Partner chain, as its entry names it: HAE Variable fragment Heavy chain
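Quick setup: one chain, the form solved without the partner chain, written in structure tokens, and binding and motion questions come after.
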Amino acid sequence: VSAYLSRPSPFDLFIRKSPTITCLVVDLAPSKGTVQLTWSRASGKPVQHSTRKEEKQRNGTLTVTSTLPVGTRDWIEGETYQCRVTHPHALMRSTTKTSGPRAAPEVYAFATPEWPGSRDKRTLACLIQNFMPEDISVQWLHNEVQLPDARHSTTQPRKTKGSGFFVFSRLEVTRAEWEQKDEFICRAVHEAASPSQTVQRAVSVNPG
């Protein structure tokens, strides 16, 4: 049995201004009975109502999730939020905003050339590197509209040669999409980015 507590996504925190944190509890057996996830703030001040979700996995695991809305000013000013896991057959996790040097991300967008026999599709790629810390949100937009999250896949932050991190994002598109409008935007949201914590670059397929 292991538990994890995440920080707010930069998109939710800075753009949407509705940050949430998630207590993710993975139960191995799972022992009979209901797990309890209890939220608190280090200050002892009130917390909002949380959402709870659980589902039995294919391999037999019970996965439990609790998502807590947090105040925007509360989080940025350094509040510590705590998740307590209770199971009869005690785990404590906490989260607060990281401290340390900040660095904005570099962003680059690319499009693959045509692969023989696959005329109706291309792969778009985005390199986002040299940012600090590793918390970052990546989105893809078409027609100034964000595409669904499941359309793309973004790698985990790996360390660069020095202090910074990098991620790669991949988005498969169709010929119908780029013929409707041949411009796609990779957008990164990061605490150290400027202005408005947003950095974005565009790419076009430029078909023959």
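Residue numbers count along the first chain shown, from 1.
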**Asked** Are any deposited residues left out of the model between residue 89 and residue 90, and how many (none, 1 to 3, 4 to 9, 10 or more)?
**Response** 1 to 3
**Stretch with the greater mean C-alpha B-factor as recorded in the entry, comparing 185-193 against 20-28** = 20-28
**107-115 or 92-100, whichever carries the higher mean Cα B-factor** = 92-100
**Top Cα B factor in the deposited entry, candidates 51, 174, 143, 59** = 59
**Prompt:** Considering only 66, 154, 180, 160, which residue's Cα atom bears the greatest B-factor as recorded?
**Reply:** 160
**Request:** Comparing against every modelled residue in the chain, figure out the third that the C-alpha B-factor of residue 34 lands in (lowest, middle or highest).
**Result:** highest
**Message:** Please say which third, lowest, middle or highest, residue 204 falls into when its CA temperature factor is compared across its chain.
**Reply:** lowest
**Message:** By the recorded C-alpha temperature factor, relative to the other modelled residues in its chain, which third is residue 76 in?
**Reply:** middle
**Prompt:** Among the chain's modelled residues, which third holds the C-alpha B-factor of residue 85?
**Reply:** highest
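Below, we refer to the form solved in complex with the partner chain, which is not included among the displayed structures.
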**Message:** When the contact criterion is heavy atoms within 4.5 Å, does residue 83 count as touching the partner chain in the deposited bound form?
**Reply:** yes
**Asked** Can you check whether residue 29 is within 4.5 Å of the partner chain in the deposited bound form, heavy atom basis?
**Response** no
